[PDB]
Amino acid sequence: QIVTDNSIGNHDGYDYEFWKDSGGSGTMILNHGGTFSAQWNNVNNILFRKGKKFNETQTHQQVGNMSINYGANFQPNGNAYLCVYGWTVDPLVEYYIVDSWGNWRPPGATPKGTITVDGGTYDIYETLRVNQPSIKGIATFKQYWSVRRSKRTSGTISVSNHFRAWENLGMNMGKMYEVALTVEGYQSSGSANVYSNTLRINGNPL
């Protein structure tokens, strides 16, 4: 259950993944249920996550309501995100619902709107990745974002409400590929202890 290089699998019912590009190091310890700890040092880009991977046949509406209850001790030293993250396919989209960050509030673009949900206010953004790594090879794809206006590191994220807001703004979504509580680091070091992470689909825990 010690993961220090790229790996995808299932641990205690959750689909976990460790992903990094070259350089630096990271360690992910897979703990009970959706929980895990992460540490990273001198990386270029690293992501640690536990959630659900899907078989690319259903819209978010067809999967049903997705909600994540979480808590994490988030200790970045530099740039990092604490978020819900995942992908759709057809179209290929990477997405983020960011509740906390390190020194830099992402994603550096002009907001397209705002959503109020889960006691917070989130700015909504759309950015572009050109010829970058993806779940479907080197690709050009949009990134969709909801970013909280102030940081928090525990609570509930009503994922499907974000998806409805994005679609209302014309941020087209494809078939679900993944939804997961994620820690991302960029050109930084840090640690995170995700001590609570429960994904419920239609009110039922994974």
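Just count from 1 along the sequence shown to find any residue number.
- Here 130 to 138 and 82 to 90 are compared by their mean Cα B-factor, and 130 to 138 comes out higher.
- Comparing 5 to 13 with 191 to 199, the stretch with the higher mean C-alpha B-factor in the PDB entry is 5 to 13.
- Set against one another, the Cα B-factors of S67, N168, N161, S146 in the record reach their highest point at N168.
- Ranked by C-alpha B-factor against the other modelled residues of its chain, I46 falls in the lowest third.
- Per-chain ranking of the deposited C-alpha B factor places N103 in the middle third.
- When the modelled residues of the chain are ordered by C-alpha B-factor, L30 sits in the middle third.
- When all modelled residues of the chain are sorted by CA temperature factor, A38 is found within the highest third.
- In the PDB entry, a CA B factor belonging to the lowest third of its chain's modelled residues is recorded for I124.
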